[PDB]
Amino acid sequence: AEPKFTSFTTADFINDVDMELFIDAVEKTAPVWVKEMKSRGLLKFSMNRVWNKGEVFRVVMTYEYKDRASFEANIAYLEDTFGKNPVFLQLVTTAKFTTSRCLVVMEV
C-alpha cells in the first residue's frame, strides 16, 4: 500500500566558518528537533560532508520517512520551526539549500 519517502538536502556554504556554525547549531539542538521529527515518523537523519568536489563547504542531509503522512507532518514541522523563522533564516543567509524529495524504489 505505502511507499517510503526520503529527502536529500544539499547545503552549500561560502566558507568553513559559516558551515561550521550551521553544523554546530544543528548538532547542539538535535535533542529537540530529532525528538519532534521522530515523533512524526522520521526513521533516520544523517548529515554528510562532501569531499570529492574540491574546495567547497557542502553537506548533504538525508531525511528518511516511514510513509507519506510522516513526510507531510515533518515538512509542516520544519516549515513552522525553521523555514518560516527569520532568525534561523538569517543564520544561514548566504548558504544555498536545494532539496530532492523522493520515493524509495529499492532498498537492500
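The numbering used is simple: start at 1 and walk along the sequence shown.
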- Could you settle it for me: does 80-88 or 11-19 have the higher average Cα B factor in the PDB entry? 80-88
- Note on the structure: Higher avg CA temperature factor (48-56 vs 61-69, as deposited) belongs to 48-56
- Taking the entry's C-alpha B-factors for this chain, is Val26 in the lowest, middle or highest third? middle
- Note on the structure: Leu42: CA B-factor among chain residues, third -> lowest
